[PDB]
Amino acid sequence: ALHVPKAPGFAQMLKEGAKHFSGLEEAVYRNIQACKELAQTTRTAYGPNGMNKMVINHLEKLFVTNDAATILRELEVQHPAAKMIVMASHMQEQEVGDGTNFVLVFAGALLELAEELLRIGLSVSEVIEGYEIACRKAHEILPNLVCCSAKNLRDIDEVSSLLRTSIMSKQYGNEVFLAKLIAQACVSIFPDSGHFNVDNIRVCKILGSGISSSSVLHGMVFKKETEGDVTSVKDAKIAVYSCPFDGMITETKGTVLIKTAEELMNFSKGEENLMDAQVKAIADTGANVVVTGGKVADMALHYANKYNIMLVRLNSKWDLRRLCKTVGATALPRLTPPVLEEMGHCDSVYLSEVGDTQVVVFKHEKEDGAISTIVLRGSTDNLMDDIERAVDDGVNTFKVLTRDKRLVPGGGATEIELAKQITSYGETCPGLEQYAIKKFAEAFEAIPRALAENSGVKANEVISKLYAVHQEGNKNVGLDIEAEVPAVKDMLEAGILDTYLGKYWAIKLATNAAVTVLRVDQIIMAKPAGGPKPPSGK
Amino acid sequence: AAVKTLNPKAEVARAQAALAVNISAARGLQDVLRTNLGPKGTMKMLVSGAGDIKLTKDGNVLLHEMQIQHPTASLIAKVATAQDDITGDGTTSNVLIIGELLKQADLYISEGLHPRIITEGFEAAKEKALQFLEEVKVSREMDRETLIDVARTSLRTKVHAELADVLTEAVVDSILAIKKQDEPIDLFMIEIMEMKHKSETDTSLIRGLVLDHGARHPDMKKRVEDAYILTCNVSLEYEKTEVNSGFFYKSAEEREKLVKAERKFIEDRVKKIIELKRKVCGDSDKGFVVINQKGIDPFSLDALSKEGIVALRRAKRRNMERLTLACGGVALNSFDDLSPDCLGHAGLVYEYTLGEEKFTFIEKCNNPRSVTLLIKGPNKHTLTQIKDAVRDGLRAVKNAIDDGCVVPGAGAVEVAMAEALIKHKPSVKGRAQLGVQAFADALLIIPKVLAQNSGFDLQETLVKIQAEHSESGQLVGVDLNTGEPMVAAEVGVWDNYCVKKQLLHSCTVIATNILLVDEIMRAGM
Amino acid sequence: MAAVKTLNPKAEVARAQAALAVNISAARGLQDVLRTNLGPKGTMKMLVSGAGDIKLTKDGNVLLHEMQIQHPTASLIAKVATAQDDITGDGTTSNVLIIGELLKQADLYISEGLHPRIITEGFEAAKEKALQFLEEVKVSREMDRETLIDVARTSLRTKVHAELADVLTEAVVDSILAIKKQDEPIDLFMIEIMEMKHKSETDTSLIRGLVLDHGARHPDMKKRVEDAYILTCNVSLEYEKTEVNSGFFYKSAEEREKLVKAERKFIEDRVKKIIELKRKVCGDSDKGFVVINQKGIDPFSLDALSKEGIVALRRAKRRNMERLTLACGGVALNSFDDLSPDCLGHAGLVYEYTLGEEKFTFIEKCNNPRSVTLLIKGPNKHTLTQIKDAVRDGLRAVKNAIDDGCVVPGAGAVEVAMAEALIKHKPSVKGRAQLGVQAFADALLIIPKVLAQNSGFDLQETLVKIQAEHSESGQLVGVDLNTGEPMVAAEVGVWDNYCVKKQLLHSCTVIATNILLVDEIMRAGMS
Amino acid sequence: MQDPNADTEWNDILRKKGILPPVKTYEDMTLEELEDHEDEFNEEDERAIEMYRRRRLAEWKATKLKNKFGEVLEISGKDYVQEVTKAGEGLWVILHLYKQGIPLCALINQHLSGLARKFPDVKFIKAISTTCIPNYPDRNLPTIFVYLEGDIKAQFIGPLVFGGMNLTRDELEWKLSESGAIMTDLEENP
Ligand SMILES: Nc1ncnc2c1ncn2[C@@H]1O[C@H](COP(=O)(O)OP(=O)(O)O)[C@@H](O)[C@H]1O
Ligand SMILES: Nc1ncnc2c1ncn2[C@@H]1O[C@H](COP(=O)(O)OP(=O)(O)O)[C@@H](O)[C@H]1O
Ligand SMILES: Nc1ncnc2c1ncn2[C@@H]1O[C@H](COP(=O)(O)OP(=O)(O)O)[C@@H](O)[C@H]1O
Ligand SMILES: [Mg+2]
Ligand SMILES: [Mg+2]
Ligand SMILES: [Mg+2]
């Protein structure tokens, strides 16, 4: 009588290293606890006062950031429910580009409050009913909280003021400079058509001169050198080839079949004469710059130097495509001279040395083009990666504004108003759903609570002040970061605004994630694999 | 024992012990799967050894994902896999009825009764139950409303209620489109494409096709309005000769001539396509879309783009038929004698980029005999769950159409068949009547577990329901919101006659074969 | 994996359904092992220790403690059976069977979502009604030799072979009917049980006297004494050294010799007292004199007593003091200070029996011995152990039939009748505890079922026949193990102990109730 | 290995292929202990308890026979050969070579006087080193020789190795039991 045996049935038939959790205690509460640990792991990075984290991944690579999605990717989250919340956060990053930390905070809060409600005696089904109905009310409410709209995305001062909020949470100290840069870049792009592509904003990270040395470039920069003797061109007539800069060869197999001393004597001279003819036809179309996606031959380079053509070699195909979009050219699969339409043009193409790095710059003078580059200077690669993430946030905000121009107040104002209105809705709903509705409402309080906690003030004082001021009627009031004591101010008049779409999708995804985590009742983990990882994800 | 004297490393379970093993394993499976049954069931999460997550309520998926190494469990998993392969639904109920037959047989075998007599009673009860099933089956003209109720009964068990109300219309409309009068429904003609960007309630039915790839030439259009679709299976890339030809030249000029010539073979097929395009749309009003099951090299892509053709390459071997049935052309393996009659029409063709991948929509076809279900969702596991649910629902509607009969649900047929078996028992000669009783108490596991899952007392609910069915005769089942009896045919709770028949047959057969097992033996070393 | 495993990681835990499954599975396993022990048509199990020792047994308690089991539920049930055996001597197999069957019949309804609390309420109600029916059907009988013979037969025929049971019956009944004093509880300690390993097992006899497992250690002492005065003493007759560390000091070999002669004067004096009593009570060599000392006797004292014709046995058992003073009729002494012929008992025969390397001393032809011995003769150690177990069962059976002057019909008759009464009582129970009552009834019904199973008959057919006969007639009927037909247990002489049946009902109900209410088995005292 | 060996199936497959190697009884109770209970023992046990009690009584009487002297005595050098080299066969002898002058010697002699009564089986003798050994060095005392059958079994020599002036009647007892002479029941505490 000194060992409890496994019970007959599933407990015995289960494999060796497999685990089975069932019920509120073994499954639901453990999942909620894991998600709570996750939310706690990422809470201290929320907001402008959010602190950076130094995550080292399994490859000993270092990420210094307060970007929630980046931290989550580089963490090795192993609990499945936390994995699900992270999946939701990554869907937020994909759909909107900003708001991943909101998704985490809100999901963790909803799950904590759901645990509370299950302890007081509600069923997961009723909790889910209340959470879903309250999410529907939140979506019904949010459109009415919209205060501002963009009204112009071709301007640079309005666009800078609009991107400032998204690029403030990240890179708080310097947010006017970066917002100016990202506005310049975004408005050079964004044509007369309503479509805006974020991949057309390129970021080149060069090292050594502080972030204030960053710049925008209407064109392209390649950390390459020139293949030939020419390094500068002032009226670029670029010709782009996806083929190498060499004589075309057979796809099957080629053999030089010599049968006479004359053929042997003439073969090499014929090859060079052919190359000379090819490159001279290219030069005679007026092209002064040739950009090949493949290799360069020594003879072809010789003759390009002879005819004063700048040769550039882009190993990547995406780089070639983006250069074609930049210059207005067409990648030719043959070494045939380009027609007047297949040619691209640039007000300048030159080789420069930005810092230690040598670069080839295709620079337009016009304040437009199909692609724009942000040259980020900085004393550290990690610092520049963080600033690139801030740039990505600003650009994704610009795209969200191209999609939906509506704006809600930030700094917790929207969250407090949502909490208030959903509490007022739950107070009217009778039945067991009111508890869950009121908890869904109170969950919004987690956002200004995190902002206050990170600013370095008492979250309770802040939340009480916000509730009091929002009772008086002010829906645009949120907390003040610029105050050693708990304080509040008009988010609108201050210009601290978020995107209607950002909040919409964050609430939707966080609610779906929490509700999904709750619907789990049994977990049957398998023994961990030594498999060479998922085959499709490579 | 006998085997262990010859093969010392042999494992053996004899007579009663063997029975003990098998029934125990069955009951173990039942304990796991009992919660899967019905819309009030709970979703289980299953984590692979790699860490992949599955959220499922499906009996077959749950079986194959549980971590089990039992021979009886293997037998029952295979029976469920056959149930799923042929009918698409009925796996959880299959496992439950198997487990309950074994339990109810243990009830009498523990009393020293021989399993042979229980199996005779099983056979008698199977016959009478199949008869009562064919009698109570509802032969109904399969209208959109009936099919909607059927698909609801399946999707509400497999997914959330709002998402089930969406997938219902999606699935019923999908089948009612690919359906030809008195000609078995080929579910292959319903492509199933999943996109991972939007909410799960955005899952839709595209009355056309969605290819998981697009054009690889950038200068190719991203949207085509009035499109001629050329479905081909012809290589448009460089093909080397079978006989290892090899090129021999004496001069750079000859090398250039051979390089220009070696592509003439494929340039000619591209020229054929381009001439067809010019002859069928002499202006830029219409569009022209080539969809090739084989490759297209960059040179051909350039040649076709220059003429304004949108070329997608390496499509799926099934998309050939799906496109010829949706658009309405002819799929070609050669351009020898191609005519405008070989072309299909699509009132819209466009491209959608999602992260790093591209999709191509072909919509506004005239009367497509092939459609697609676009499974949208925010998570891989949401997409997998919706795929499983739509598989179940498609099979359900297909079976209700094929078998023009339909059976009431909510355990109603099970209750009524139990009563009929209990009234039939005296007509059985010998102690096989006890096996009949066991069969009845086995049939009664469906309503019981439904009550168990809705949060009600099994015994009270079952007596209420049987009382209501004896006083009225109305085929009644469980109301999962009140625990009271309800007329399933009146409230729209429908099950598939094929599924119930397959349950009876397969469950009886496997349970009989297990009960007659008297020795489990591993002696192969 | 749970609450306890978060604090003590090396903790084993079975919760609610798992705990119930564990316990019921173990109970069903014990029942499956012990089902064959029940009844005379049962089979004997052989049990081989880790040393290689052999036990042939049909006894539930012996089988339990000898099976190789490590289950907590099995430990609980083993202790319940051990209490049953310590207090009643019989009822252990039936105890285990009824426990297992109560657990099974309760699982029948708990698998159907019924709460175990309601089953335990039904168990308590059924216990009340069953105890009432038991007191009602009990047969209060004047315990005559024939009734006691039938009782002891019903027990010994279950424990041993039929011829050996027909012998042990007379032996056991005569033994108890001899050591018994009118209206005075029976001290079974007054029945010594000595086993001899030389002859056939049917030579097992009742010596109306005593058999000591030792004899005289002086060869010149007689090996047979006819008319014997027995002196039962607890006085050391060997050399005892002083408590206070005395030691001898002498200056000459003659003084050493004087001290050697003197150091024994103390024990020589007690030997002389014995010898003087012997001479005063039997002045000739006609009668005999037997000293039986609970303490030692040195060779000098043995010589001194042999010279006078006394047979002295030494280092007898502390119980033999009372057994000899009650059989022979003397007084056991711790000193020979003032001893008189009234301190002596009489034995019409005393003799010695050598068996291999050991000696036995028989004291027979006592007048009216209130103490006797059962001589267990048999050819094998395991035969002797088996007969010891059987005679324990039979002695307890007759003692209980006398103490509780009532006696209950056997062959599952009382169980059948109690099941019918419980089933007729069911409607008077309020709520779903009626199912607990049904479970109690079908659990009680395992005794006739197993009896049929072991006699080689169909449980269901025999049980329906028996219940039909009991409902149409009302005669308390049970299983006829040779025909499978119903038979009147009181008419055919198949008797059980009312005390045993009551102890079964009480203890089985209690342990089954407590097991069903277990919702967590937990081993967390590690580290 | 390439990966960390943990609860995973990959390591298990590698292992299967051959890579990644993987009061007890009356038997012991003394005369005093046997009296302590007496009643506890069951009579069936008491039958063999009689034999074990006779065995223990015989052993105790044997030890009584063996305890010849039980007290410290002094031998001169002249008779040393008879008292030590030719002591009783198998009799453990402990000789304390000492001068009365050295106080540590007197402490050791007091401890030996106690141990002699504590251990009446072992022979305890003391002797002046100058009178046992011709010109025994002054700074080489106390000397504890342990003898058996005339053979030296141990020799604790020196005013420092013996264990310091803090030497109670316990650590010396252990040092003497080191060679297995007095056979105490403890461990070296200090
Ligand atoms: N100047 C500011 N004052 C107060 N709150 C701000 C300010 N700038 C940004 N925020 C708030 O910070 C939150 C977003 O910060 P961030 O850490 O980027 O989270 P997320 O990744 O969810 O956008 C929003 O609630 C936003 O309103
Ligand atoms: N709304 C409902 N009310 C009551 N019973 C239902 C309802 N919907 C389905 N059922 C019943 O629940 C049972 C199990 O459903 P499902 O899990 O889809 O079958 P399976 O167990 O084969 O997967 C079916 O027998 C069905 O008749
Ligand atoms: N000759 C017999 N015929 C029928 N039943 C009998 C006979 N002898 C004994 N029995 C019954 O068999 C049962 C089991 O006997 P036994 O094994 O001695 O009891 P236990 O199970 O307590 O060891 C008793 O209830 C007794 O009444
Ligand atoms: Mg942000
Ligand atoms: Mg289904
Ligand atoms: Mg008995």
# chains A, B, ... in the order shown; residues from 1 in each chain; ligands from 1
>>> residues_near_ligand(ligand="ligand 3", cutoff="8 Å", atoms="only C-alpha atoms and all ligand atoms", output="PyMOL selection string")
chain C and resi 37-40+42+58-60+90-95+153-159+409-413+447+451+478-481+489+494-496
>>> residues_near_ligand(ligand="ligand 2", cutoff="7 Å", atoms="only C-alpha atoms and all ligand atoms", output="ChimeraX atom specification")
/B:36-39,58-59,89-94,153-154,156-158,409-411,446,450,477-480,493-495
>>> write_last_selection(atoms="N, CA and C atoms", output="CSV table (one decimal), in the first residue's frame")
chain,number,residue,atom,x,y,z
B,36,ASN,N,-17.1,14.7,-26.3
B,36,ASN,CA,-17.2,15.3,-27.7
B,36,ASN,C,-18.6,15.3,-28.2
B,37,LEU,N,-19.6,14.6,-27.6
B,37,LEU,CA,-20.9,14.4,-28.2
B,37,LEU,C,-21.8,15.6,-28.1
B,38,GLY,N,-22.3,16.1,-29.2
B,38,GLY,CA,-23.3,17.2,-29.1
B,38,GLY,C,-22.7,18.6,-29.2
B,39,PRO,N,-23.6,19.6,-29.4
B,39,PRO,CA,-23.2,20.9,-29.4
B,39,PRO,C,-22.7,21.5,-28.1
B,58,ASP,N,-14.0,16.6,-32.9
B,58,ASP,CA,-14.2,15.5,-33.9
B,58,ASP,C,-13.7,14.2,-33.3
B,59,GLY,N,-14.5,13.2,-33.3
B,59,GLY,CA,-14.1,11.9,-32.7
B,59,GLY,C,-12.9,11.3,-33.4
B,89,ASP,N,-19.3,11.5,-40.9
B,89,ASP,CA,-19.8,11.8,-39.5
B,89,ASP,C,-20.2,10.5,-38.9
B,90,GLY,N,-20.2,10.5,-37.5
B,90,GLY,CA,-20.6,9.3,-36.8
B,90,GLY,C,-19.6,8.6,-36.0
B,91,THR,N,-18.4,9.2,-35.9
B,91,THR,CA,-17.2,8.6,-35.3
B,91,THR,C,-17.3,8.6,-33.8
B,92,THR,N,-17.6,9.7,-33.2
B,92,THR,CA,-17.8,9.7,-31.7
B,92,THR,C,-18.9,8.8,-31.3
B,93,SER,N,-20.1,8.9,-31.9
B,93,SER,CA,-21.2,8.0,-31.6
B,93,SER,C,-20.8,6.6,-31.8
B,94,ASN,N,-20.0,6.3,-32.9
B,94,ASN,CA,-19.5,4.9,-33.1
B,94,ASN,C,-18.8,4.4,-31.9
B,153,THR,N,-27.3,20.9,-38.0
B,153,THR,CA,-27.1,19.8,-37.0
B,153,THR,C,-25.7,19.3,-36.9
B,154,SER,N,-25.0,19.4,-38.1
B,154,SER,CA,-23.6,19.0,-38.0
B,154,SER,C,-22.6,20.1,-37.6
B,156,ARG,N,-23.2,22.8,-35.9
B,156,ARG,CA,-23.4,23.2,-34.5
B,156,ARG,C,-22.7,22.3,-33.5
B,157,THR,N,-22.5,21.0,-33.9
B,157,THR,CA,-21.7,20.2,-33.1
B,157,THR,C,-20.2,20.4,-33.3
B,158,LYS,N,-19.8,20.8,-34.5
B,158,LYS,CA,-18.4,20.9,-34.7
B,158,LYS,C,-17.8,22.3,-34.4
B,409,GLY,N,-33.0,13.4,-35.1
B,409,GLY,CA,-31.8,13.5,-34.3
B,409,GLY,C,-32.1,13.6,-32.8
B,410,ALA,N,-31.0,14.0,-32.0
B,410,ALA,CA,-31.1,14.2,-30.6
B,410,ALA,C,-31.3,12.9,-29.9
B,411,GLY,N,-30.8,11.8,-30.4
B,411,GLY,CA,-31.0,10.5,-29.8
B,411,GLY,C,-32.4,9.9,-29.9
B,446,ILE,N,-26.7,7.5,-26.5
B,446,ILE,CA,-26.6,8.7,-27.2
B,446,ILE,C,-27.4,9.8,-26.4
B,450,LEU,N,-25.8,13.0,-24.2
B,450,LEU,CA,-26.3,14.4,-24.5
B,450,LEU,C,-26.8,15.0,-23.2
B,477,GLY,N,-36.4,13.4,-28.7
B,477,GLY,CA,-35.1,13.4,-28.2
B,477,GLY,C,-34.8,14.5,-27.2
B,478,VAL,N,-33.6,14.8,-26.9
B,478,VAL,CA,-33.2,15.7,-25.8
B,478,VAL,C,-33.2,17.1,-26.3
B,479,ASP,N,-33.8,18.0,-25.5
B,479,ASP,CA,-33.7,19.4,-25.7
B,479,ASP,C,-32.5,19.9,-24.8
B,480,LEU,N,-31.4,20.2,-25.4
B,480,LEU,CA,-30.2,20.5,-24.7
B,480,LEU,C,-30.3,21.8,-23.9
B,493,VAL,N,-33.8,19.0,-36.0
B,493,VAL,CA,-32.6,18.3,-35.6
B,493,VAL,C,-32.6,17.0,-36.4
B,494,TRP,N,-31.8,16.9,-37.4
B,494,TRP,CA,-31.8,15.8,-38.4
B,494,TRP,C,-30.4,15.1,-38.4
B,495,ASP,N,-30.5,13.8,-38.6
B,495,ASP,CA,-29.3,12.9,-38.7
B,495,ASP,C,-29.4,12.2,-40.0
>>> select_by_dssp(residues="stretch 296-400 of chain B", states="alpha helix (DSSP H)", output="PyMOL selection string")
chain B and resi 298-306+317-326+380-400
>>> write_last_selection(atoms="N, CA, C and O atoms", output="short mmCIF file (atom, residue, chain, number, x, y, z; two decimals), in the first residue's frame")
data_model
loop_
_atom_site.label_atom_id
_atom_site.label_comp_id
_atom_site.auth_asym_id
_atom_site.auth_seq_id
_atom_site.Cartn_x
_atom_site.Cartn_y
_atom_site.Cartn_z
N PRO B 298 10.86 32.28 -67.61
CA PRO B 298 10.77 33.74 -67.66
C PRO B 298 10.61 34.31 -69.06
O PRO B 298 9.94 35.33 -69.24
N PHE B 299 11.22 33.68 -70.07
CA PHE B 299 11.07 34.17 -71.44
C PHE B 299 9.63 34.08 -71.91
O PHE B 299 9.10 35.03 -72.50
N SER B 300 8.97 32.95 -71.66
CA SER B 300 7.56 32.83 -72.03
C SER B 300 6.70 33.79 -71.23
O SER B 300 5.74 34.35 -71.76
N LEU B 301 7.01 33.98 -69.95
CA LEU B 301 6.25 34.94 -69.15
C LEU B 301 6.36 36.34 -69.74
O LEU B 301 5.37 37.07 -69.82
N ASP B 302 7.57 36.73 -70.15
CA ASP B 302 7.74 38.03 -70.80
C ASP B 302 6.94 38.10 -72.09
O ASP B 302 6.24 39.08 -72.35
N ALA B 303 7.05 37.06 -72.92
CA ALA B 303 6.37 37.06 -74.21
C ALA B 303 4.86 37.16 -74.06
O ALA B 303 4.19 37.79 -74.88
N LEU B 304 4.31 36.53 -73.03
CA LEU B 304 2.86 36.58 -72.83
C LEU B 304 2.42 37.88 -72.18
O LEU B 304 1.38 38.43 -72.54
N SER B 305 3.19 38.39 -71.21
CA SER B 305 2.87 39.67 -70.61
C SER B 305 2.87 40.79 -71.64
O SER B 305 1.97 41.64 -71.63
N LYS B 306 3.87 40.82 -72.52
CA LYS B 306 3.93 41.87 -73.55
C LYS B 306 2.65 41.95 -74.35
O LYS B 306 2.27 43.04 -74.80
N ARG B 317 -3.42 19.44 -60.43
CA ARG B 317 -4.03 18.53 -61.39
C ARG B 317 -5.55 18.48 -61.25
O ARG B 317 -6.23 18.13 -62.22
N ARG B 318 -6.09 18.83 -60.09
CA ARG B 318 -7.54 18.89 -59.93
C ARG B 318 -8.10 20.21 -60.42
O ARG B 318 -9.25 20.26 -60.87
N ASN B 319 -7.32 21.28 -60.33
CA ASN B 319 -7.77 22.56 -60.85
C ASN B 319 -8.02 22.51 -62.35
O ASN B 319 -8.80 23.31 -62.84
N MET B 320 -7.41 21.58 -63.08
CA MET B 320 -7.74 21.42 -64.49
C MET B 320 -9.23 21.15 -64.67
O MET B 320 -9.93 21.88 -65.38
N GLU B 321 -9.74 20.14 -63.96
CA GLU B 321 -11.16 19.81 -64.05
C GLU B 321 -12.02 20.88 -63.40
O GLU B 321 -13.09 21.21 -63.92
N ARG B 322 -11.58 21.41 -62.27
CA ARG B 322 -12.38 22.43 -61.60
C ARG B 322 -12.53 23.67 -62.48
O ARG B 322 -13.59 24.30 -62.48
N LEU B 323 -11.49 24.04 -63.23
CA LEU B 323 -11.57 25.19 -64.11
C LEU B 323 -12.39 24.89 -65.35
O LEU B 323 -13.12 25.76 -65.84
N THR B 324 -12.28 23.67 -65.90
CA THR B 324 -13.11 23.37 -67.05
C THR B 324 -14.58 23.22 -66.69
O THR B 324 -15.44 23.34 -67.57
N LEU B 325 -14.89 22.94 -65.42
CA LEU B 325 -16.28 22.89 -65.00
C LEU B 325 -16.81 24.23 -64.50
O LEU B 325 -18.00 24.52 -64.68
N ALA B 326 -15.96 25.05 -63.90
CA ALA B 326 -16.36 26.38 -63.45
C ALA B 326 -16.40 27.37 -64.60
O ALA B 326 -17.44 27.96 -64.89
N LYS B 380 -3.98 29.23 -37.53
CA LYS B 380 -3.89 27.95 -38.23
C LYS B 380 -4.88 26.94 -37.66
O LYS B 380 -5.49 26.17 -38.41
N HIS B 381 -5.06 26.94 -36.34
CA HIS B 381 -5.96 25.96 -35.75
C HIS B 381 -7.41 26.30 -36.01
O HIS B 381 -8.24 25.40 -36.16
N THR B 382 -7.75 27.59 -36.06
CA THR B 382 -9.09 27.97 -36.51
C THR B 382 -9.36 27.46 -37.92
O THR B 382 -10.44 26.93 -38.20
N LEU B 383 -8.39 27.60 -38.82
CA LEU B 383 -8.57 27.13 -40.18
C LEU B 383 -8.73 25.62 -40.23
O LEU B 383 -9.59 25.10 -40.95
N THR B 384 -7.90 24.89 -39.48
CA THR B 384 -8.02 23.44 -39.43
C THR B 384 -9.38 23.01 -38.88
O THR B 384 -10.01 22.08 -39.40
N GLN B 385 -9.83 23.65 -37.80
CA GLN B 385 -11.13 23.33 -37.23
C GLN B 385 -12.25 23.58 -38.22
O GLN B 385 -13.17 22.76 -38.36
N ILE B 386 -12.21 24.71 -38.93
CA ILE B 386 -13.26 25.01 -39.89
C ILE B 386 -13.20 24.04 -41.07
O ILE B 386 -14.24 23.66 -41.62
N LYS B 387 -12.00 23.63 -41.48
CA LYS B 387 -11.88 22.61 -42.52
C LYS B 387 -12.54 21.31 -42.10
O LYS B 387 -13.28 20.70 -42.88
N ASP B 388 -12.25 20.84 -40.88
CA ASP B 388 -12.90 19.63 -40.40
C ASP B 388 -14.41 19.79 -40.36
O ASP B 388 -15.16 18.90 -40.77
N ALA B 389 -14.88 20.95 -39.87
CA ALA B 389 -16.31 21.18 -39.77
C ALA B 389 -16.97 21.17 -41.14
O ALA B 389 -18.05 20.59 -41.31
N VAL B 390 -16.35 21.80 -42.14
CA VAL B 390 -16.96 21.85 -43.46
C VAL B 390 -16.88 20.49 -44.13
O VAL B 390 -17.77 20.14 -44.91
N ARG B 391 -15.83 19.71 -43.88
CA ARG B 391 -15.84 18.33 -44.35
C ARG B 391 -17.05 17.59 -43.82
O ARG B 391 -17.79 16.95 -44.58
N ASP B 392 -17.26 17.64 -42.50
CA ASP B 392 -18.43 17.00 -41.90
C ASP B 392 -19.73 17.50 -42.53
O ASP B 392 -20.60 16.70 -42.88
N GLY B 393 -19.86 18.81 -42.69
CA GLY B 393 -21.10 19.36 -43.22
C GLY B 393 -21.34 19.00 -44.68
O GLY B 393 -22.47 18.70 -45.08
N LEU B 394 -20.29 19.02 -45.49
CA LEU B 394 -20.41 18.61 -46.88
C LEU B 394 -20.83 17.16 -46.98
O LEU B 394 -21.73 16.81 -47.76
N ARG B 395 -20.18 16.28 -46.21
CA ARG B 395 -20.59 14.88 -46.18
C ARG B 395 -22.04 14.74 -45.73
O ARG B 395 -22.78 13.91 -46.27
N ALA B 396 -22.47 15.55 -44.76
CA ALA B 396 -23.84 15.45 -44.26
C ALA B 396 -24.85 15.80 -45.34
O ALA B 396 -25.81 15.06 -45.57
N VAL B 397 -24.64 16.93 -46.01
CA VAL B 397 -25.58 17.35 -47.06
C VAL B 397 -25.54 16.37 -48.23
O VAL B 397 -26.59 16.01 -48.78
N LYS B 398 -24.35 15.96 -48.66
CA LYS B 398 -24.24 14.96 -49.71
C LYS B 398 -25.01 13.69 -49.36
O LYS B 398 -25.68 13.11 -50.21
N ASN B 399 -24.89 13.22 -48.11
CA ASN B 399 -25.56 11.99 -47.73
C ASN B 399 -27.07 12.18 -47.67
O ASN B 399 -27.82 11.27 -48.05
N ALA B 400 -27.53 13.34 -47.20
CA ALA B 400 -28.96 13.61 -47.18
C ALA B 400 -29.53 13.70 -48.59
O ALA B 400 -30.69 13.36 -48.80
#
>>> residues_around(residues="residue C:445", least_positions_apart="2", cutoff="9 Å", atoms="only C-alpha atoms", output="NGL selection string")
:C and (98 or 101 or 412 or 415-416 or 418-419 or 440-443 or 447-450 or 463)
>>> residues_near_ligand(ligand="ligand 4", cutoff="12 Å", atoms="only C-alpha atoms and all ligand atoms", output="PyMOL selection string")
chain A and resi 45-48+50+66-69+92-93+96-103+163-172+389-397+410-411+496-499+502-503+506
>>> residues_around(residues="residue B:170", least_positions_apart="2", cutoff="12 Å", atoms="only C-alpha atoms", output="JSON, numbers by chain")
{"B": [144, 147, 148, 151, 152, 155, 163, 164, 165, 166, 167, 168, 172, 173, 174, 175, 176, 177, 190, 192, 201, 202, 203, 204, 205, 206, 207, 371, 372, 373, 374, 375, 386, 389, 390, 391, 393, 394, 397]}
>>> residues_around(residues="stretch 203-219 of chain C", least_positions_apart="2", cutoff="6 Å", atoms="only C-alpha atoms", output="VMD selection string")
chain C and resid 171 200 to 201 221 312 to 313 327 359 to 364 372 to 377
>>> residues_around(residues="stretch 275-286 of chain C", least_positions_apart="6", cutoff="12 Å", atoms="only C-alpha atoms", output="count of residues only")
33
>>> select_by_dssp(residues="stretch 37-160 of chain B", states="strand (DSSP E or B)", output="PyMOL selection string")
chain B and resi 43-47+53-56+68+138-139
>>> atom_distance(atom1="atom CA of residue C:174", atom2="atom CA of residue C:380")
25.2 Å
>>> interface_residues(of="chain C", to="chain B", cutoff="8 Å", atoms="only C-alpha atoms", output="PyMOL selection string")
chain C and resi 112-113+453+458-460
